[PDB]
Amino acid sequence: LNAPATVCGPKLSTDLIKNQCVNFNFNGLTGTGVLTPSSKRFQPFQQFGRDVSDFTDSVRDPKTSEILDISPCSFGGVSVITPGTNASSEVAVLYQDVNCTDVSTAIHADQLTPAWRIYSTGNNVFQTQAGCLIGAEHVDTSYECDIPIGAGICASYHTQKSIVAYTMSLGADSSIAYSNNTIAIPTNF
Amino acid sequence: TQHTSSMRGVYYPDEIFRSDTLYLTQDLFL
Amino acid sequence: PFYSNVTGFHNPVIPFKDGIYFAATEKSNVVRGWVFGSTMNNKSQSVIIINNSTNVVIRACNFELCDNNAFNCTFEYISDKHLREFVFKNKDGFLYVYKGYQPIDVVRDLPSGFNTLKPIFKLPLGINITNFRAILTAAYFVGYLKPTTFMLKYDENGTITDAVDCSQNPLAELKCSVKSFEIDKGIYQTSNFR
Amino acid sequence: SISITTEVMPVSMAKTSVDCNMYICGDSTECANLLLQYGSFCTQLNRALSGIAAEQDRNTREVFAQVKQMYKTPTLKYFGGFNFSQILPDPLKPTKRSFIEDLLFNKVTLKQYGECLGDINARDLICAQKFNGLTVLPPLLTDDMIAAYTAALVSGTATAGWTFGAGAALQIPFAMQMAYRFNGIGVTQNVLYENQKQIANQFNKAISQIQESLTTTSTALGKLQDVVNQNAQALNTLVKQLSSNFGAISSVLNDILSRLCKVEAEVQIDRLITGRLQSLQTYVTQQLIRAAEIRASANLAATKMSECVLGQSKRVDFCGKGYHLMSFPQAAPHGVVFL
Amino acid sequence: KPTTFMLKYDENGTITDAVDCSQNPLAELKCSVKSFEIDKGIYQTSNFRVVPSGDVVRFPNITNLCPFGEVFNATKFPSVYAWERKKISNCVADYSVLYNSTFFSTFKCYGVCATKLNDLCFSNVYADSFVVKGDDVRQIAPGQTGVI
Amino acid sequence: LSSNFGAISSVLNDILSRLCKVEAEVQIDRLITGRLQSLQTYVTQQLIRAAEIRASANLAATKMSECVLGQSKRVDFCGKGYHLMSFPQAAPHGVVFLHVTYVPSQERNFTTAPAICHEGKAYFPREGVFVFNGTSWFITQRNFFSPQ
Amino acid sequence: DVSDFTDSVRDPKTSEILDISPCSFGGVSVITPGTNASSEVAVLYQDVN
């Protein structure tokens, strides 16, 4: 592949699919990812584009000469939030650093790798900066932090109980006013 | 009709004595 | 290499050591063509790369060579002031040609500046090249290539706009070691001496 | 004379994580079955990185969350002639920080990290990933929370003095508190009460000089810069080591799997796997060693917050050059600045 | 079904309880910490991937076959001191006619395995042809010595 | 010790009992490399953890020196409040300190002045502050109300 | 065992269960007063009867 490819084997070419995680094969260059339109300006002797870790990130379509960007199919860590087995058997799940639509459609289409047989997403889907939180209900009151999730978001087991996710409070609020001719002195200990 | 298999169909995985442990195994189970 | 010595000609049998950088400052297309023989006789294979006014013809045979017929051909290809610059390199039985162009005005001399050269063609002709010669119907310059390490800067669009030769100065080797064009004040370990 | 001096302390570093299979094997199943032969490598490595990530939030919480009360910032910021406006938040300003904190945040300069940063309020949150499998996790306390902590500390110092670190807050005028601190350093009270205007003027001029020295492009915050640089340097090395072949015919798994049949392919993949395991182990060891040093620096920052902001100290040169009177904290990227 | 289980043996060696390890997130947590009772907190258990949902094959507009027969089944072959180079380009090559026959005595591929040659594509192919001595065919290899 | 690191088995006796010596030595080398890697990793982690335990023990010794054998003025070095005294108790691999502290309580509001003027001269307190009940001016100490 | 060691076996003639234990091993420490003082030493065999 020093030049555009001319001597290939017998294979059937298909149509290209965008905005979807697919297996791809461009002139013998195989992989798995999602293809998007690109804004890169290739020169006519250039056929694909490369990363600093020898990963191909852009490619020229060998039927229409269109430049496409390749991105990885989404992956990450899974965290389980529990209030203790002695308290309850309910859990919440954090999918770290991922979009909530990308995991909700994958769950509903049966396309995630940790596939759980008895598991429902429900209507408690909530986007954080740490990732996507499923199974915890967002409330507007603020408490001290019980189980840290991240970016100012904490979780707890509150009230028929349920797991709740809130923004943490820094402390008790109080105002003492500066006056320039009064002092406060303790009378006991 | 269809029913549910509530924690049924567990067998001894091999011919090895084990005692007072927790053992993880990967095989064909119900 | 940067700031190296090049020979200006204003048609000897010039050697071909490890590839050449050839430049020409023309106004009426005087220098057109080359020949890349080994002994410049009919007893050795030789390739001519000449264009006649529309068409580029490359031919590799046993040739009689004139100054001031053809038999046993193995390769043929026919295809359809200012500064023209070329790079010729030959390895693994392949002859690589790179070409670039630049508008200059006049002085008498090769101007100072930066310009980048794009590939045109590589030929699968398996011969030694130890000599070359230009084909003339106004000056041309010859420099020689050496195995060096360079650091190149690709911009936001993908064009090489700047470079450093890592064998010119201690400062250039420092820039290649820290991978930057700007250096803070201090003392840095770069390499070992034997 | 009254002098104000700056001390810069690093508190925490960046929290990082790696997908061990995505780094070593990508999406191959042959590589995964081959990596299964090494036992529990990825699990203990994720465990070590998770321990470091939890330790960073523990460091930040120990340094900054020392008050139990969130004292509101006063409307008037002129106490006995002492001008506190540049170290307290401005109500008519979009950011919720101080002037000096804005300068400190502008001074410290911060790809392929694989993290995802954005704004959640304006829906400007983007998460894009990389094929190498590296990620940077967000801190538990946001920058506004740390700024609120420092604002509460400065307001408690300006309003209640020293008493709130050792009990309940007790109000006192600022000139009487300053006279008590003059008594603490061994000078009598009439020296302050008869020279109050001069002392206030010197305090104001020193505050003005700090925010000029922090504007004229100094390198006083280099201790905070070095930490950032160190992280980037280490992580960049971990990327570039994916381009080595370690004796194999190529550094990409897909080529070896696509132009070779199984028996030779297993040997080449084993050569790649060994080198990638070694690289990742080296990275984890050096991150643990750097985390120990960050922990010691954060412990020193916590004890300085306790003994120089919530009280007056007698230890020589522990906080400042001269006889210590009082001290103010300011939040900085990954650290704290004491005045 | 092929699943992972965690079994609990008693002090007398019989299985008294188990957990099916892919039923719930809580079951995977119990597998990960290797315990039947969990304290309060948050725990990293595994990694999630999104399964591919399609296939894209993309090859150039090539229709012609290319002359393997007019390279191998050729009347005249040159000497080894003067070998000839031929270029194969713009073709769909099969390669099964080479390793599906016992006609060749020596068939050795450097860099590739033979049956993998049919799935991947090249830029162009170069063919060298000569006639050599009987015991000099082992000198046609990388890093060999001899007069050839 | 249950991993085989690419060898045929994780037990040396089976490899030595069902294989001949050369191939057995190859498999034993595969086992040896992995077991050295495991032991090296364990020792490195133990050294890094020993450094942290040593720092904690240094802090415990300076607390025992400055809070049990004396009374300290450093804020929050030993408890919350004004330190009076401290007692040590032994614990498994550790020490527990019981700090006794004085906590002020039940504060009152007073009107205060920096100085008073008797006959054209200024008067400053030696120890305390000037306070005003509602009728007369007194002088007190800062941490406990006792008017003089 | 958890590290794939066999700790008990059944007799192939009498059908009796037998426990297997390692033969006793450990560390050896040498206690000396110094060479210039004396040439006598004491020996500690660590964790053994």
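All chains are identified by letter, namely A, B, C, D, E, F and G, in their written order; residue positions are counted from 1 within each chain.
Convention: contacts are C-beta pairs under 8 Å (C-beta built on N, C-alpha and C of every residue); 3 or more make two chains touch, one makes a residue touch a chain.
Under the contact definition stated at the top, the chains bordering both subunit A and subunit F are D. For the interfaces A-D and D-E, the C-beta contact count is higher for A-D.
If you average the CA atoms of subunit C and of subunit G, the two centres end up 77 Å from each other. Inter-chain spacing, taken between the CA centroids of subunit B and subunit G, is 38 Å. A straight line joining the Cα centres of subunit D and subunit F is 21 Å long.
Shown for subunit A are the residues in touch with two or more other chains, namely 2, 28, 32, 74-77, 98, 148, 181-186. Looking at the complex, you find that subunit F touches subunit D at residues 2-6, 34, 41, 44-45, 48, 51-52, 55, 73-77, 80-82, 103-105, 107, 112, 114-115, 122, 124-125, 129, 142.
Interface residues of subunit F, counted against subunit A in their complex, comprise 102-113, 129, 131, 140, 142-145.
Note for the complex: subunit D touches subunit A at residues 17, 19, 22, 27, 57, 65, 67-72, 74, 76, 79-80, 112, 115-116, 118, 120, 125, 127-133, 135, 137-142, 145, 148-149, 152, 158-160, 167, 169-174, 176, 239-240, 242-243, 251-252, 254, 258.
Listed in rising order, the residues of subunit E touching subunit B in the complex are 1-13, 15, 18, 20-21, 31, 34-35. Subunit A meets subunit D in the complex at residues 28-32, 51-55, 71-72, 74-77, 96-99, 127-130, 145, 148, 150-152, 170-186.
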